[PDB]
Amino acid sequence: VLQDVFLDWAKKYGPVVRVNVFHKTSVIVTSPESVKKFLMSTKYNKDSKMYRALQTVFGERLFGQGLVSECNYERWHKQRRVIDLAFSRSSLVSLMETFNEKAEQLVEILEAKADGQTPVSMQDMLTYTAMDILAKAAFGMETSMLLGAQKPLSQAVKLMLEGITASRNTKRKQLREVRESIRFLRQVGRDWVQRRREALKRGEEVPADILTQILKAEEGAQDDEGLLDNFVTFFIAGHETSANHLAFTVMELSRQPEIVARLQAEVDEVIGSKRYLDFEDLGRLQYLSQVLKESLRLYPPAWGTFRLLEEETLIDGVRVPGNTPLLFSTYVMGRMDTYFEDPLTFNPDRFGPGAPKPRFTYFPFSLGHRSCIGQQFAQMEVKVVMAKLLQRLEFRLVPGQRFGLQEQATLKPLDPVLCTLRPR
């Protein structure tokens, strides 16, 4: 696991280490002061050299210059500020219904299989859930993957992500499948763009959402390619990392009984057996909140980010040449005993009330101007999903399932988190 190699080198060779990552020289930077310096200033910006890979894959245009992959400050600032509107307090509150609907549906589907003997992939289940939530919430569309629909669409996402991996970590069947899948994704967008426009044209009233803001950001452009870049971007960013995080959380909890009991007790105190979770109910799921923060420390789906160091600089008593991609890793810093006591122990008490917040040693949603636009969105959906599962279902990992990670485009469980389930 590449990230675990970086961890070793970080601990042995100190806070500034030259590496080869995605075929390039970069320098991994692991002091909290360096994380603060570079990530908390609009001065430093993403390295296009590292983000080019994501713009186009095997010749086929993918995320282009969408909100994630755009590295020029001014160009990203113009899109971020218009798209920010789709993430206001009251926009996210408007999504609680989607969040509750999909969560409820997931649980019933699992409840129908809850005999203690039917192996279910919590990875796939959680993936379908996040995708269904994203599609409705952001785009006003219903994929219904939870109901077995859109099998080709999920096949297409699967091959695209395998494609990302292959293309940046060092086969002709795959190559066509992958190009095919990326085109499929972009066509799905072209479609859902027509659908929206066609509703507006006949003068229907469409509640403001994410799609609204990315059309709006594209107003005054000769074509729709920037629009689709952004459609594919949110399509993927808005579900894959949430699903990874949900899958890791469930995987870890299966060997954490004391913690689950306490999670069950909390759910029982603040919501009991209530069916629909209001906004104000999430705020009070304090212990669940800690478990989730702790899941992200050990298992961040998005392990880090790159900033371009434009000029030779002294970082932690090491001269670093100009034009150097700086690598930051919350995965690495999360596992260093110098920042976290007993780093390998899953202990949600680290995030308890009273405990000093981690000081630039923990950034699962990144930091500063290029941090995750979807943070609050994600935190809400996973709480809703996790709370529902904690109310109703008990999980048991299938013997011979592993607890390890694989680095694909993001960090995800090695094994698909196969479980048998039981009503609570």
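Residue indices: 1-based, along the sequence shown. By rigid core we mean the largest C-alpha set that fits within 1.5 Å across both forms.
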Could you say which moves further from this form in 9 other deposited structures of this protein, stretch 274-282 or stretch 161-169, by root mean square CA distance after aligning on the core?
161-169
In 9 other deposited structures of this protein, rigid core aligned: more displaced of 398-406 and 17-25 by C-alpha RMS:
17-25
Report, from the record, the number of residues in the deposited sequence between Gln117 and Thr118 that have no coordinates, as none, 1 to 3, 4 to 9, or 10 or more.
none
Average Cα temperature factor in the PDB entry - higher stretch of 400-408, 8-16
400-408
Compare the mean C-alpha B-factor of 249-257 with that of 109-117 as given in the PDB entry, and name the stretch with the higher value.
109-117
Residue with maximal Cα B-factor (values as given in the PDB entry) among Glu162, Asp349, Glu101, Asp124:
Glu162
Identify, among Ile236, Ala208, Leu134, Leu327, the residue whose C-alpha carries the highest B-factor in the deposited PDB entry.
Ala208
Could you tell me which third, lowest, middle or highest, the C-alpha B-factor of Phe306 occupies within its chain?
lowest
Please place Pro300 in the lowest, middle or highest third of its chain according to the CA B-factor in the PDB entry.
lowest
Binned into thirds over the chain's modelled residues, the C-alpha B-factor of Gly374 lands in the lowest
CA B-factor placement of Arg52, once the chain's modelled residues are sorted into thirds:
highest
The third of the chain into which the C-alpha temperature factor of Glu97 falls is the middle
